[PDB]
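**Q** Provide a 3D model corresponding to the input given below.
(chains A, B, C, D, E, F, G, H, I, J, K, L, M and N)
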Amino acid sequence: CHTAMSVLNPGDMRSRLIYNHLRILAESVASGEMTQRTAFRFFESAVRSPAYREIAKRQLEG
Amino acid sequence: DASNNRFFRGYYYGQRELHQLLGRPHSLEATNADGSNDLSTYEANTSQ
Amino acid sequence: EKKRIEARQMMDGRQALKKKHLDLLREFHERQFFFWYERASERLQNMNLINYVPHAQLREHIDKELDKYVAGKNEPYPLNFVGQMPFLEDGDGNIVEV
Amino acid sequence: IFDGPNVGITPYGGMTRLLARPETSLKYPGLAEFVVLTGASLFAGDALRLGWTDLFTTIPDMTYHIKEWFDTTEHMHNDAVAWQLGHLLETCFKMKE
Amino acid sequence: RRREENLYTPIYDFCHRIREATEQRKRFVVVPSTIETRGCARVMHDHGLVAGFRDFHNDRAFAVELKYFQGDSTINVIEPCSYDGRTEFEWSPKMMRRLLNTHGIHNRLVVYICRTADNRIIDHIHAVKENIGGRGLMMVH
Amino acid sequence: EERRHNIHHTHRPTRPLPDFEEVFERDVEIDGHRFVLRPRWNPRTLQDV
Amino acid sequence: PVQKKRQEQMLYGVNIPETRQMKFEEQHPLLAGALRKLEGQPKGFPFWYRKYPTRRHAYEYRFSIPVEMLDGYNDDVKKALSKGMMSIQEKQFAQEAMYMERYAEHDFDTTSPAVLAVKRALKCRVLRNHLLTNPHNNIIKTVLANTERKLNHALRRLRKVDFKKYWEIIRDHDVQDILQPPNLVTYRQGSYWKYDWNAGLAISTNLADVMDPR
Amino acid sequence: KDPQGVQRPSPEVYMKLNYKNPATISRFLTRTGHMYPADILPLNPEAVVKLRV
Amino acid sequence: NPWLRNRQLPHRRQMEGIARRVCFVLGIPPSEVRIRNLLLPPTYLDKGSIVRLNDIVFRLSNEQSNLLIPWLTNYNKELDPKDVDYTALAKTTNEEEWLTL
Amino acid sequence: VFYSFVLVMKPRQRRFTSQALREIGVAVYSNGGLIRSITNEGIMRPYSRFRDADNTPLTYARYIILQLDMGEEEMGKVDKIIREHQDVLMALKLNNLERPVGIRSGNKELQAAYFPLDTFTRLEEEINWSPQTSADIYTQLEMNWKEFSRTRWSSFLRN
Amino acid sequence: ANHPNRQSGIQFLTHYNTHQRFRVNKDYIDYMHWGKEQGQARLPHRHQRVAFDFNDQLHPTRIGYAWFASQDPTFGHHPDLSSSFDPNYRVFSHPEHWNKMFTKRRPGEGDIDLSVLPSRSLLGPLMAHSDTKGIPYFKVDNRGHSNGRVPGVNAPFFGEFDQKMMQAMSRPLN
Amino acid sequence: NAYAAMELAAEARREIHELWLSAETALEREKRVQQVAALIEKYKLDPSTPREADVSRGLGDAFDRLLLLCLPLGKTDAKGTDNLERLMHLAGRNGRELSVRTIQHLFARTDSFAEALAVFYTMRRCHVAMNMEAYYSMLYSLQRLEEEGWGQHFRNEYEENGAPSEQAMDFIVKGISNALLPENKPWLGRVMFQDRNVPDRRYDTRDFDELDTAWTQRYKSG
Amino acid sequence: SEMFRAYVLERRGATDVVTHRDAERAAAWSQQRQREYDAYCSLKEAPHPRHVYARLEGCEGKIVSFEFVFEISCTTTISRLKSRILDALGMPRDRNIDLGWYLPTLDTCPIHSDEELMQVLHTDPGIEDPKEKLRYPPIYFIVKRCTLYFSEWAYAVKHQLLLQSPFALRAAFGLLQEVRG
Amino acid sequence: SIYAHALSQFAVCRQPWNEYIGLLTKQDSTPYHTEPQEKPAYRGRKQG
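**A** Residues are numbered from 1 along each chain as shown, chains lettered A, B, ... in the order given. Structure as follows:
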């Protein structure tokens, strides 16, 4: 829920890249390998695309 | 003297007094290995 | 020796520059003086319009003033500094009209 | 600006090749002589259409972003490198949307 | 402000500025501009302890740009050699040579920075190279 | 300016200084085109070359 | 008696020395020629500006109003900007500017030892008489003592810059009391003379004019 | 926007904040004549000086 | 001083000034006046400077010069590499005046 | 102004009021000072009863505004003269009139840094507004500005 | 440090003459009304800061658009050019400026200096108004921008904007 | 209606240019002043004239070269200063601001000192807001007046001698002793970082003409 | 200060009222100033008979001159001026043409509207050489062509080919055809 | 420049990217814009 609703602009979530980030972290929240906090802070700090904010100014206002 | 002997180029007691006497500008961390930033006026206007 | 001739070249340069700075500062001061005169002249022109009570005109003025509210006139009366209509006294300052 | 018959000399800098590629004769017949004879400027659009270069960007201070993107990047194996560079190119310099 | 207090050097304070701006994870620091200070800056930028630096020929200051890696700083610790200006520490070539040696293995990790009789600001490794002794400034790794 | 006021920049100088009047020819007429200012090339015209 | 005389001579008023009118005439003879034509007639162009290079230079009338700017106005105005109408603070600033002008080496000079010494001498006198009247404000006891210390510095720098101005400052304002070495102990160690070593003028003398070096 | 009003009063009011404007004094006091505690009716420090004076 | 040269040769304002002042005093017609600068090396004097001193300032045809000054033929002295640029001067903008001389 | 006064006075028979104001005026002229305006107002009803020399409380009193130019030294003399006169109930003194509260705070004055001559030239009335002032003077003011600014030089450069 | 009046801590990254913020006799801070936008009340105000964050903007260059003519015709006001920006700006602090200590702290009491906040009174613009136009018309002043000719401010600006400082600190390779 | 006013203003400017292109010794000080006054009183250039049917609107740029045609004031009366302030007053009404070039040549026109003061005072009466341009042009004009006085003195003394003194020489070199806005320090006379010295010397008519003609050729070509 | 002492007390109807004794006088004054403003503005619109110079922007030098009366009360006048300019230039009247003001400061402005144009007439007195005798004050316009024709284009390109060293023109053509092969 | 003049007619202005990217159709757009409320800051070690 938090990854869907708690994050403004988590890139395009359809692209295989960010998708694989999400997949892996989920499988690591299940099976207790990571804490939810750590997995969430991972998810938002995961690598997306160079000059990310400045590309975000080309789509989103706020 | 201050070129070949490290004990001379110690600043805050020997070199400081000297520079104040001779009227050079000086400071803690300076350009010359000395307290001295620059020559005094006598040294700039006179060939020794 | 070489170090000293260029060190003094630098020094004399710098002293020359602070002379030049000196002229520039004088000149700036003159400038803002002319402007000062612009404003100050202008204010004093207005102060020349003030009617000062001289010693010769004193009691004439005092009495022109004590008669400001004399308890009858044909014209509208001036207010106070506190913005009131005060009591209209006749000659000699008796309280006639409230 | 490939010019210099205007300063009384022949153009230098190799761009002559680009101008004489059979490709340019195809797309813009006559352009080669236009630019070589008349000193006249070419710009992003025309460099793109002649296919002189593939890459274009409107982003402020691209240089910083390139720097700090390659700082977050990790290994030196040429797969990693291929992808990192390629992803950078695709996201900014190749024109979509 | 008073007697017993240390007498500060624009080295002491240079170091503590960098330290503190590394702790608050800032990208730029404004720093005092004297000779051995920007000397130290160049040395640190050589060893890659600092992202970059510039002097603008501003008189008071110049500015350093800090580097971070894996979430924390590139600088573990940075300490001045002397608390006062009234104390001046001299480094023999042999001492500076000792620093380099960790029980028989040659270790360049930590960097120590010197004035020379010649007014150059050097690391201890070049110093040892030519066997000159120099005055201590700081140590950073 | 230098050309007018400085002898050491004109007469037998160290390094040469360009002259405007020499570089440019004023008011040229070539076959329907009026040039305010056109430079001086020794083969003046395209036909001449 | 001397200081007292200085305060009485500040209180009732001050004056610009015609020293300045003189040098104004010999330096810029054209301008003084113009003003010389225009006496008594109201001026719209301030020819007199060279005479007053600084805001502070005009003390004869309040708010830095040069005398000849008052030509075409009312005489009530003339009495309104006169000395008699100054506040006390203004009058101090008057004494200060006139003296600062006497000892200045150029017009915009403040920092120089002579100027400093005089201004501090005056300020010190003012605070002194102030304390004479209203006994306990220790804020100003302290400000007086600090001013005095800074005066001591200025003077001991003066006598190594040039000593005759030093002399006649001491003779004008009667401060010899703050040049007296404080106590025998520190004097005996040569730390009274040690001062001008620190100030850096210790070698400044340039013998050859006095005291043949041979 | 103003935690402690520098906006209150608006400019012209200042003119009348002297001793001879009983009305304009009164619009800044209580019904008893006391001033309002700072965090009740916040005023630009100018206005407080001029007012108590 | 390479610092103090930049000022040394007169401003155009001063050349205009001197010109019309000569016009006042000498009676020379302002129509034809040609006022020029010749600026010589600081510590010594090369061939070039003497040639352009002989040739231009005083008008001397080469024969009356070789007559009057025989040794010019053997005089080879020329500018040293260090001294080459004394002629070339720094150009300062007018909003820059407070910084550099 | 340089100085101002408000003089709350016992409402006597006019010859006495004229005498008293002549006493005060002569007390100002003696001490080498000027009077910008001596303004008369009526007999008002204050918020506080005042007692005069007889300790007889007073419901009514005449108000009189003074505007002076002195030195500050002998205004001490003028002041202890005024307050000691039997027919002056109260006197309030305004010394702030050259530098009033509204100026010289954090570059509030445009085109200058504290030009003192503004509020000196002025009379008290326009520094401290009286209650009756409304938006109307905003018109009057400028008809008196523009007008003034037209004729000043012409009138000054006459003589 | 638990001592009161020592709470402002040790900051080196200030511009003051001591690294111990609590001995600094210049600017006394205000814990109750301060720190809306700077976080803690101890820390330096936005305009006075001598150390800068990665993703935060740094100080605006002051002016005191004509010079962008060579740029994109659309380009608006460059975010770092400010009309009014002062590094020396006194922020109102009650314990300094309104000091209630010698009083009982009742409503009107406390001593105030008004030289801090710019005057909102009408008295200023009324008193000073004049037929002579202002300082800028009169071109009273010498100098100009203190750095002489400046591409953003005085003269025209060509080429590129660098908003990150990337070129502005680089190392000469030559 | 006012179209007629403009037409008659075209006749006006036609004869203004007629008299300005004279610029001769046939045009003496007396002659020029009375010819100018004649033009004014022919075309009703007083401030009394109504707003419409005011002849000076449609004199463009003929206005200021009519204006500085007033300037050297003949020796009869103090009447002269009025012709000038008629013209100027009209400007103040009509809305045309006075260009700095115009008033720089206007002071450059001045023969004596009291005349320069006369002009400054005149535009004081005319509600001209003084600038640094006004002030510096004035000072420059004073300076060239004295440089002219001394130039005259030394040529005079050179004539009765036949070879110049050294005072003549160093006067020629460093100019006026202790001048205001001097040449040796050029950075002083400046205003907008542009240098202000027009007024330092006299100008003929063809000089003025040269400047604007140059401007016009510049348009017609570049 | 004598404005502020001028209020007064009068009774209107049944009620007491404070008024400025001079209020209506100031009103008459402000009214007069308003009517003057009006006269002035209206007169700025009044017919302005000025000489017109217009320079066509381009490598082909041409400058059209004619006398023109500007009537600025009742857009259409700008387009009358444009139509005329085109008539003299030898072009159809439908050319999209940008007028622009050539300033005496050597700057340039666009003029999009009449209310502006009136002010360009008013503000610039004209700058003219008097030896040359014009009956009216000139103005100086620049004319930008929003549409190049082919004829135009070729003109420009010929103007440049004629403007560079022939030997190098011919040379460089040789060089291109030699690289090209 | 004395003559670039021939070049200047077929010369090309530089395109308006700032407002073009401003006016691109965006997926955060709102009929009426609202400014975000103020975010939580760090008030120091005791406050969090």
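
**Q** you'd agree residue K:5 is up against residue K:22?
**A** Yes: the pair residue K:5 / residue K:22 is scored as a contact, 6.2 Å apart, by C-beta atoms under 8 Å. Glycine gets a C-beta too; all of them are placed from N, C-alpha and C.

**Q** if you count what's nearby, which of those two comes out ahead?
**A** residue K:22 (18 against 9; other C-beta atoms under 10 Å in any protein chain shown).

**Q** before we move on, what SS does that one have?
**A** What DSSP: H, G, I helix; E, B strand; the rest coil gives for residue K:22 is coil.

**Q** Distance of it relative to residue L:136?
**A** 54 Å (C-beta to C-beta, to the nearest Å).

**Q** One more: residue J:3?
**A** Distance, residue J:3 to residue L:136, using C-beta to C-beta: 41 Å.

**Q** I'd like the distance between residue E:16 and residue E:22.
**A** 10 Å.

**Q** so which residue of chain L comes closest to chain I?
**A** residue L:151 (3.1 Å; C-beta to the nearest C-beta).

**Q** wait, that residue sits on residue I:21?
**A** Yes: the pair residue L:151 / residue I:21 is scored as a contact, 6.3 Å apart, by C-beta under 8 Å.

**Q** Might you report the residue contacts of the residue nearest to the spatial centre of chain C?
**A** With distances taken as C-alpha atoms, centre = their mean, residue C:43 lies nearest the centre of chain C, 5.9 Å away. Contact analysis of residue C:43 by C-beta atoms under 8 Å, 6 or more residues apart in numbering or on different chains lists J:117, J:118, J:120, J:121.

**Q** Just among these, which is most surrounded?
**A** Highest neighbour count within the contacts of residue C:43, by other C-beta under 10 Å: residue J:118, with 25 neighbours.

**Q** ok, and the closest non-adjacent residue to that residue?
**A** residue K:127 (4.6 Å; C-beta to C-beta, 6 or more residues apart in numbering or on different chains).

**Q** and the one you found, how many residues sit next to it?
**A** Counted by other C-beta under 10 Å, the residues lying close to residue K:127 total 19.

**Q** Tell me how far residue F:29 lies from chain K.
**A** 35 Å (C-beta to the nearest C-beta, to the nearest Å).

**Q** What does that residue show for phi and psi?
**A** phi -120, psi 110 (degrees, to the nearest 10).

**Q** partners of it in the sheet?
**A** With DSSP bridges as the criterion, residue F:29 is bridged to residue F:34.

**Q** can you pull up the bridge partners for residue E:105?
**A** residue E:102.

**Q** and it, how many residues sit next to it?
**A** Neighbour tally, residue E:105, other C-beta under 10 Å: 7.

**Q** how near is it to residue E:127?
**A** Taking C-beta to C-beta, one finds residue E:105 at 20 Å from residue E:127.

**Q** now swap in residue E:75 and tell me
**A** Here the criterion is C-beta to C-beta. By it, residue E:75 lies 21 Å from residue E:127.

**Q** The closest residue to chain F within chain E: how many residues sit nearby?
**A** With C-beta to the nearest C-beta as the measure, residue E:57 is the residue of chain E nearest to chain F, at 31.1 Å. Neighbourhood size, residue E:57 [other C-beta under 10 Å]: 7.

**Q** That one belongs to a strand, doesn't it?
**A** No: using three-state DSSP, the secondary structure at residue E:57 is coil, not a strand.

**Q** Next, it: phi, psi?
**A** With angles defined as degrees, to the nearest 10, residue E:57 shows backbone torsions of phi 60, psi 20.

**Q** quick check, residue L:74 in a helix?
**A** No: looking at residue L:74 with three-state DSSP, it is coil, so not inside a helix.

**Q** That one contacts residue L:111, correct?
**A** No: look at residue L:74 against residue L:111 with C-beta under 8 Å: they stay out of range, at 10.1 Å.

**Q** With neighbour numbers in mind, choose between residue E:75 and residue E:127.
**A** Using other C-beta under 10 Å, the more surrounded residue of residue E:75 and residue E:127 is residue E:127, with 21 against 18.

**Q** and that one, how far is that from residue B:7?
**A** In terms of C-beta to C-beta, residue E:127 sits 19 Å off from residue B:7.

**Q** quick one, phi/psi of the closest residue to residue I:11 other than its chain neighbours?
**A** Once flanking residues are discounted, residue I:11 sits nearest to residue L:186: 4.7 Å by C-beta to C-beta, 6+ apart. In terms of degrees, to the nearest 10, the main-chain angles of residue L:186 are phi -60, psi -20.
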